[PDB]
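[1] model this:
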Amino acid sequence: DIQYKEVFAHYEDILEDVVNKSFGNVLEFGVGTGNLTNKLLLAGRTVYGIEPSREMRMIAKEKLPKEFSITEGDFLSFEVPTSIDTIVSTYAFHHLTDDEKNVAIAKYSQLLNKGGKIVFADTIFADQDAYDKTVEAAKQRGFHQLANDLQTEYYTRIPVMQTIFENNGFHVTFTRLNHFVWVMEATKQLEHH
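    Residues are numbered from 1 along each chain as shown. Below, you will see the structure:
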């Protein structure tokens, strides 16, 4: 894992940052092994989990308190908890093509109330140059699995994500927490219905 040493740099701080920007009922996508949830629960937040992988939902049910709800849905198809104030996820949104990312945001815009937020932490790039330069660096070093990841998954650019959020009624702010990851804080501008 020397290859992902930088990708996960400040991992904890990253979850911390997402936690500190969330309130009320939290809907988490891509629960994985429950690391984000864990800090979300510690922070006294009310959380509802979503994770397609049964393999993952298990490990999380293991670490998290019992009773914790975690359905088998995903970013686009999932159970709506009830009243959502903020939607979160870390290291997951890139599993969606840019078109799907737009459907997702369009859908969260439809569910959240004025003032509702979307806080996602994920690997994303400033521009095409920053990306190609990162893919090369990974090649430069012996990082072959990482270079594959970068050209396989659907990582995108900050400006693209910028347009999607705003096109769907959001005002978003980007804060870099490491060379790969950035935290995007989005707040819904207008009210529902």
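
[2] now do the one helix or strand residue 37 maps to: which elements does it pack against?
    Secondary structure assignment for residue 37, by DSSP states H and E: helix 35-42. Helices and strands touching helix 35-42, by 3 or more C-beta pairs under 8 Å, 6 or more residues apart in numbering; DSSP states H and E, are helix 11-20, strand 25-29, strand 46-50, strand 86-90. Placement of C-beta: from N, CA and C, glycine included.

[3] the closest residue to residue 13 other than its chain neighbours and residue 45, how far apart?
    Excluding the flanking residues, the one nearest residue 13 by C-beta to C-beta, 6 or more residues apart in numbering is residue 177, at 6.3 Å. Note on residue 177: its distance to residue 45, by C-beta to C-beta, to the nearest Å, is 20 Å.

[4] closest to residue 129 out of the helices and strands packed on helix 35-42?
    helix 11-20 (24.0 Å; C-beta to C-beta).

[5] what about stretch 60-75, how long is it end to end?
    Taking C-alpha to C-alpha, to the nearest Å, stretch 60-75 runs 18 Å from one end to the other.

[6] return the set of buried residues in that stretch.
    Buried residues in stretch 60-75, counted by 16 or more other C-beta atoms under 10 Å: 60, 61, 64, 68, 70, 74, 75.

[7] so which helix or strand takes in residue 134?
    Residue-wise, residue 134 maps onto helix 128-140 under DSSP H and E.

[8] tell me the buried residues in the following helix or strand past that helix?
    Next along the chain after helix 128-140, taking DSSP H and E as the criterion, comes helix 144-152. Within helix 144-152, the residues that count as buried by 16+ other C-beta under 10 Å are 146, 147, 149, 150.
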